[PDB]
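Okay, structure first, notes after.
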Amino acid sequence: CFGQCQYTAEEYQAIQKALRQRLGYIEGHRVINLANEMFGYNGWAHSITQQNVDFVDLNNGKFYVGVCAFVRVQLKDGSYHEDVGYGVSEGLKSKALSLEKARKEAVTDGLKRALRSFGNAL
Amino acid sequence: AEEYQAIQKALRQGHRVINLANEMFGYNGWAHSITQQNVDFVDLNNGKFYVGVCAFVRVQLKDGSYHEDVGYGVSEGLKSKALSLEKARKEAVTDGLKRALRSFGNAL
Amino acid sequence: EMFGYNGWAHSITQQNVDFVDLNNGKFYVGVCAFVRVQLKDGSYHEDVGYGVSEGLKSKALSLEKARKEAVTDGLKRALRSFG
Amino acid sequence: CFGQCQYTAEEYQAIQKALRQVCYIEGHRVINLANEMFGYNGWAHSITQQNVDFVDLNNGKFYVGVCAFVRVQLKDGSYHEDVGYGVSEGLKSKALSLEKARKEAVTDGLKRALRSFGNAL
Amino acid sequence: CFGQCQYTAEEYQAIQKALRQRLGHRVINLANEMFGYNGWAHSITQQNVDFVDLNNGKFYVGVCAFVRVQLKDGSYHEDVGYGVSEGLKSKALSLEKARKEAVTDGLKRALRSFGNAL
Amino acid sequence: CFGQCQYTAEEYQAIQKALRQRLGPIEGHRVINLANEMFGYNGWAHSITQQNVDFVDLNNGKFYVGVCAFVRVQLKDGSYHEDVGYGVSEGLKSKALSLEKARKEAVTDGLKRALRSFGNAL
Amino acid sequence: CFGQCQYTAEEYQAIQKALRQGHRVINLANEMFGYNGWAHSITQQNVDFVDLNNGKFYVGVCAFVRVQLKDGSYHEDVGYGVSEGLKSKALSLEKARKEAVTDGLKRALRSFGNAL
Amino acid sequence: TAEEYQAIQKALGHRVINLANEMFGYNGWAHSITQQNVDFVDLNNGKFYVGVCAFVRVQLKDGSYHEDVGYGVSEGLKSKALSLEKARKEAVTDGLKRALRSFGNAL
Amino acid sequence: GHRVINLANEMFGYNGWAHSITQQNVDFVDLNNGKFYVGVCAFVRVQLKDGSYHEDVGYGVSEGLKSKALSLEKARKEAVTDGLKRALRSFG
Amino acid sequence: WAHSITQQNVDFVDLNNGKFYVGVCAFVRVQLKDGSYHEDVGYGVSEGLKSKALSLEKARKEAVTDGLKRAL
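Protein chains in written order, with the entry's author numbering: chain C, 25 to 48, 65 to 162; chain B, 33 to 45, 68 to 162; chain A, 77 to 159; chain D, 25 to 45, 63 to 162; chain E, 25 to 47, 68 to 162; chain F, 25 to 49, 66 to 162; chain G, 25 to 45, 68 to 162; chain H, 32 to 43, 68 to 162; chain I, 68 to 159; chain J, 84 to 155.
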């Protein structure tokens with residue numbers, strides 16, 4: 025099953041050389073496509089380990105919100121990483137909208153930052 | 033086995071997304087669940103309801119490959135608790151399940 | 077319903093009462109139940125059951141029937157995924 | 025799976041031989074260095090706990106300070122841990138101060154936890 | 025697998041002889077040289093800010109950390125490092141110094157329990 | 025694996041005879073050295089099960105500190121021992137130094153006392 | 025491993041026969079069981095009370111000094127210890143707890159037979 | 032194994072301990088203090104006064120176990136700690152006596 | 068004497084049955100005239116080698132007694148013994 | 084069969100004129116050898132008793148019986 029398989033030497037080396045094709065910045069969907077092509081559709085998973093809210097203030101009618109969320113990224117073999125995402129949704133004037141924005145931006149930023157460690161190609 | 037190449041290349045290309075997933079991954083080959091849910095807040099200021107909820111969803115395939123994402127639902131202006139919590143705690147699940155399947159490929 | 081309660085099974089993962097109100101003079105109750113449907117082929121899903129009773133006489137009367145309705149609705153809606 | 029397979033003699037010799045070869066270590070270079078030295082399938086990395094110390098608000102600034110614990114691990118079974126400490130100052134919006142502190146802490150922890158496997162890192 | 029392995033007799037005696045010699069970065073380097081990078085591990089089981097006093101502007105900090113050291117055989121060791129701090133006019137820096145010195149001293153002390161060569 | 029394996033008969037008799045003898049010539069370092077030589081660097085472990093600060097006070101510009109500790113030795117065979125060490129400090133001007141001394145002497149005293157249970161040699 | 029080995033019949037009978045007959071108790075237990083025949087641990091310890099009459103402290107501590115044996119049989123027993131006259135609180139608690147542990151170790155060990 | 036049970040069935068201060076040792080063997084029975092509660096303390100006229108309870112427990116080789124609740128008091132003493140010491144020790148001994156009594160006519 | 072104890076011992080065997088105490092709480096004691104009353108509950112328990120078990124409840128009483136020790140000890144013993152009698156009756 | 088008392092609470096203790104009145108409610112449980120189980124909370128009161136001791140003795144039995152007759 026996922027997280028318990030092993031790769032072949034030649035494909036392992038091909039992937040290893042692929043991941044170092046370094047550029048030398066947010067492209068949310070494009071990172072999903074890149075991962076799908078470099079590890080396959082059936083290659084990677086990511087869970088939201090935790091999600092806490094730091095502050096929901098109403099200073100001047102305008103809201104201010106802060107959400108921090110830890111995300112985890114795993115590859116078919118069983119290796120894993122983890123990083124601290126963080127989304128901010130200041131400015132809005134409908135608590136539901138600020139919560140939408142922060143809670144959906146923190147996860148994406150975390151998935152971006154947790155995927156730059158498997159290689160420099162991402 | 034050969035179907036692996038077919039699915040991988042095909043992925044490279068509303069409620070209809072559920073049937074789309076059933077056709078693409080097989081109508082017996084995709085599952086989901088709700089790992090957690092939290093009524094975020096309820097408030098009234100002018101005799102009306104603003105109910106929001108955050109709901110996490112999970113999706114896994116036949117071989118165990120999985121993903122997750124945050125779902126969210128909102129409803130404003132409704133008179134009673136019944137309808138507002140008929141709407142938000144009802145649509146957050148679908149919104150999350152829509153935003154989770156997009157991660158598996160462009161075709162979704 | 078081709079197979080019925082033999083090709084698929086159900087169970088409430090968790091339930092919690094949302095709100096109970098009496099400002100109107102009668103019991104206003106809202107309940108939620110999470111049901112999961114599992115198939116013998118390994119496919120499974122889950123949906124948020126939900127039921128409500130408005131302005132009934134007693135807490136138990138407004139709560140038990142609302143719970144039954146919520147479970148029935150959750151079962152009814154959880155079966156969409158096999159369409 | 026990860027953390028269970030054991031090296032072969034030549035691999036162990038190579039890695040050991042490699043690892044032996063006031064300003065900080067520039068930060069992000071360590072991820073590339075470690076990835077090339079152990080491999081992408083080589084190691085893992087996790088945050089076992091993260092906790093927030095004072096968030097004071099003197100004279101309108103914000104001084105968030107966070108602490109972190111970073112577990113590194115090689116596929117052979119070894120592991121390590123260390124304590125990192127983000128900081129902040131001057132930022133006028135708690136969103137930015139929290140962001141800076143929380144993000145800096147984990148990188149610092151990863152650096153100080155990789156430094157324990159040798160001098161080269 | 026780490027913890028489930030047992031040293032080989034010849035290497036076991038070799039290490040026995042090694043650790044009986046007569047002599068922060070130095071300690072870690074020496075531990076790596078003897079046991080090897082694969083050889084051992086290091087964990088932090090608990091921590092606690094003992095006191096965070098504020099006398100006259102300075103920030104007197106104190107952190108107690110229990111560091112565990114372990115070897116692929118299964119041997120444990122634990123000790124109590126205490127990282128003092130003093131004189132700093134900014135709270136964050138004082139807490140940083142204390143929390144780092146704590147684990148450093150803990151590792152030092154917990155390693156001495158193995159042999160005199162440390 | 026340590027803690028799940030028994031001693032070998034010849035080593036058993038050697039250890040038995042060695043422990044029964046008596047010191048010829066206690067300070068902490070020598071106990072550590074003798075224990076190491078007696079079992080090696082691989083024959084045991086020591087850990088702190090609990091450590092509560094019994095009291096900390098002040099009387100005219102100083103700190104009478106005191107701490108407790110529950111050390112615990114163990115041997116490859118599974119036998120174990122425990123004992124309550126106890127530390128003290130007087131006249132120190134700074135709280136940090138007093139807590140330092142107390143916490144540090146506690147564990148070493150506990151180690152000496154817990155080891156002593158095995159034989160007269162120590 | 026400790027807590028799972030069965031006693032060899034000859035050793036069982038020998039220890040039983042020798043059973044029908068503090069530093070002293072520690073040594074005797076070590077010789078009768080061997081250096082790896084038993085273990086001892088502190089299950090709980092709660093300062094029963096403290097006090098101060100005229101600058102001299104009073105202390106009291108309880109200890110449930112579990113003492114175990116290779117075959118798996120075990121005993122526990124309430125200990126106790128006390129101090130008086132001592133002018134320093136830390137010294138008082140040190141003496142009290144140190145004596146309580148050994149008193150419990152005695153009373154527990156003085157149970158497997160008249161030998162102890 | 033059944034022979035030991037049959038022999039015990041046919042058969043059924069320090070004397071209770073000695074009888075238990077002779078009856079079950081040095082490894083035949085354990086005893087542990089499940090809980091201890093101090094029910095009062097008094098300072099009437101300089102003489103302390105205390106009683107304690109303890110849910111002593113016993114076990115045999117095959118796992119069959121019992122339990123009970125003893126009690127001991129202390130009067131006429133001058134030092135509190137001495138009072139509690141005697142109370143706890145006597146309570147444990149008396150509870151053990153009652154637990155052993157529970158097992159049969161032999162005890 | 069508590070003949071029920073001996074009867075159970077002879078019927079099931081000394082290892083055939085068991086005993087336990089699950090919780091005990093003094094409902095009250097009062098200083099009515101210096102002859103304190105005492106009656107204390109006790110969640111007794113009993114089992115058997117076959118697995119079938121029966122919890123129960125008991126409540127002894129300490130009639131007027133000038134001695135606290137006698138009252139408390141008598142209550143604590145009587146509660147357990149009466150509960151044991153009750154549970155044994157259920158076993159049959 | 085087996086039964087247990089997993090919670091219990093005396094509701095009312097009362098006295099009119101040297102004659103006590105009391106109320107209790109106990110949380111009984113049951114089980115069966117086949118793995119199935121039954122459960123029913125009960126209730127019990129004692130009225131017009133000479134001593135509080137008798138009332139407190141009686142109420143627990145009445146509550147336990149009320150729960151058990153239903154659950155069993």
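Just so it is clear, CB atoms sit at the ideal spot from N, CA and C, and this is done for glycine as well.
Inset, instruction - Output yes or no for whether 8 Å exceeds the beta carbon distance between A:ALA154 and A:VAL107. - result: No, they are not a contact pair.
Legend entry - Min CB distance G:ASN99 to chain F below 8 Å: By the rule that beta-carbons nearer than 8 Å mark a contact, G:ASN99 does not touch chain F.
Inset, instruction - Pull up the CB-CB distance for H:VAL147 and G:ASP123, whole angstroms please, since I reckon it's below 8 Å. - result: The beta-carbon distance between H:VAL147 and G:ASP123, rounded to whole angstroms, is 7 Å. This is short enough to meet the 8 Å contact definition.
Legend entry - Cβ neighbours of F:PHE95 in the same chain (closer than 6 Å, five flanking residues each side left out): If we look at F:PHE95 and ignore the five residues flanking it on each side, its Cβ neighbours are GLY106.
Inset, instruction - Helix, strand or coil for H:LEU115, going by three-state DSSP, please let me know. - result: It is a strand residue.
Inset, instruction - State the start and end residues of the unbroken alpha helix (DSSP H) segment that holds D:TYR81. - result: Boundaries cannot be given for D:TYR81, as no alpha helix (DSSP H) includes it and DSSP labels it neither H nor E.
Inset, instruction - Tell me whether G:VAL128 is buried or exposed, calling it buried when 16 or more other Cβ atoms sit within 10 Å of its Cβ. - result: With 16 or more other Cβ atoms within 10 Å, it is buried.
Inset, instruction - Output yes or no for whether 8 Å exceeds the beta carbon distance between B:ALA85 and A:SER119. - result: Yes, these two residues count as a Cβ contact at 8 Å.
Legend entry - Spatial neighbours of J:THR89 in its chain, beta-carbon cut-off 7 Å, leaving aside the 5 residues before and after: These residues qualify, in order along the chain: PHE110 and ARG112.
Inset, instruction - Using alpha carbons as the reference points, say which of H:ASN82, H:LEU137 and H:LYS144 lies closest to G:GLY83. - result: The candidate whose alpha carbon is nearest that of G:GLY83 is H:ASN82.
Legend entry - Which residues DSSP lists as bridging C:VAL96, in chain order: For C:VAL96, which the question treats as bridged, DSSP gives the partners C:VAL105.
Legend entry - Interface partners of F:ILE39 on chain G, CB under 9 Å: The contacting residues are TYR81 and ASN82.
Legend entry - Chain-ordered neighbours of J:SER87 on chain I, where CB pairs are closer than 8 Å: The answer, in chain order, is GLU122.
Legend entry - Member of D:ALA136, D:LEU137, D:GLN91 and D:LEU151 whose CA lies at the smallest distance from the CA of residue 62 of chain D: A gap in chain D, from 45 straight to 63, means residue 62 of chain D has no coordinates in the model shown.
Legend entry - Bridge-paired residues (DSSP) for F:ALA85: Checking the DSSP bridge columns, you'll see F:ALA85 partnered with F:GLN114.
Inset, instruction - Please decide whether F:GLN30 counts as near chain G, where near means a Cβ-Cβ distance under 8 Å. - result: It does; some Cβ of chain G falls within 8 Å.
Inset, instruction - Label G:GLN91 either buried or exposed according to how many other C-beta atoms from any shown protein chain fall within 10 Å of its C-beta, with 16 as the threshold for buried. - result: Using a 10 angstroms sphere on the CB of G:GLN91, the tally of other CB atoms reaches 16 or more, which defines it as buried.
Inset, instruction - Please classify E:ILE39: is it buried, with 16 or more other beta-carbons within 10 angstroms of its beta-carbon, or exposed? - result: With 16 or more Cβ atoms within 10 Å of its Cβ, E:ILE39 is classed as buried.
Legend entry - Beta carbon proximity, E:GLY118 to chain F, threshold 8 Å: It does; some Cβ of chain F falls within 8 Å.
Inset, instruction - Go ahead and label A:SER87 buried or exposed: buried means 16 or more other beta carbons lie within 10 angstroms of its beta carbon, across all protein chains shown. - result: Burial call: exposed.
Inset, instruction - Show which residues of chain A have a CB atom less than 8 Å away from the CB atom of B:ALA142. - result: Chain A residues near B:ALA142: none, gap ~10 Å exceeds 8 Å.
Inset, instruction - Kindly identify the DSSP beta-bridge partner or partners of G:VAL124. - result: In DSSP, G:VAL124 forms a bridge with G:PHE110.
Legend entry - Of the residues A:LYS102, A:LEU115 and A:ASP149, the one placed nearest A:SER138, counting alpha carbons only: Distances from the CA of A:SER138 to each of A:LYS102, A:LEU115 and A:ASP149 were compared; the closest alpha carbon is that of A:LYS102.
Inset, instruction - Can you tell me which of the three DSSP states G:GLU130 falls into? - result: Of the three classes helix, strand and coil, the one that applies to G:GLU130 here is coil, per DSSP.
Inset, instruction - Would you kindly report the start and end of the unbroken alpha helix (DSSP H) that includes C:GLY150? - result: Boundaries of the alpha helix (DSSP H) around C:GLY150: 135 to 153.
Inset, instruction - Compare the beta carbon distance of D:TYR104 and D:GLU140 with 8 Å and say whether it is the shorter of the two. - result: Not closer than 8 Å, so no.
Inset, instruction - Using beta-carbon positions only, say whether B:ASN160 and B:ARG70 come within less than 8 Å of one another. - result: Cβ distance not < 8 Å, so B:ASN160 and B:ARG70 don't count as in contact.
Inset, instruction - Mark F:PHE26 as exposed unless 16 or more other C-beta atoms lie within 10 angstroms of its C-beta, in which case mark it buried. - result: With at least 16 other beta carbons inside 10 angstroms of its own, F:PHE26 counts as buried.
Legend entry - Beta-carbon proximity list for G:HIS121, same chain, < 7 Å, skipping 5 on both sides: Excluding sequence neighbours, G:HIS121 sits near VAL113, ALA154 and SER157.
Legend entry - Nearest-angstrom beta carbon gap, C:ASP97 and C:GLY125 [assumed within contact, 8 Å]: Taking C-beta atoms under 8 Å as the contact rule, C:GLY125 and C:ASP97 fail to qualify, at a distance of about 21 Å.
Inset, instruction - Please decide whether H:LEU162 counts as near chain G, where near means a Cβ-Cβ distance under 8 Å. - result: Look at H:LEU162: its C-beta is not under 8 Å from any C-beta on chain G.
Inset, instruction - Identify each residue in the stretch 126 to 138 of chain E for which the Cβ-Cβ distance to at least one residue of chain D is less than 7 Å, and report them in chain order. - result: Residues of the stretch 126 to 138 of chain E whose Cβ lies closer than 7 Å to any Cβ of chain D, in chain order: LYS135 and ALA136.
Inset, instruction - Report buried or exposed for D:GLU34, applying the criterion of at least 16 other Cβ atoms within 10 angstroms of its Cβ. - result: By the 10 Å Cβ count, D:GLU34 comes out exposed.
Legend entry - Proximal residues of chain E, C-beta to C-beta of F:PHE26 below 7 Å: Chain order gives the chain E residues near F:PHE26 as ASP117, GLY118 and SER119, where near means a beta carbon separation below 7 Å.
Inset, instruction - Give the residues of chain B in contact with C:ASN73, contact being defined as C-beta atoms less than 7 Å apart. - result: Neighbourhood of C:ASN73 in chain B, by CB distance below 7 Å: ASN160, in chain order.
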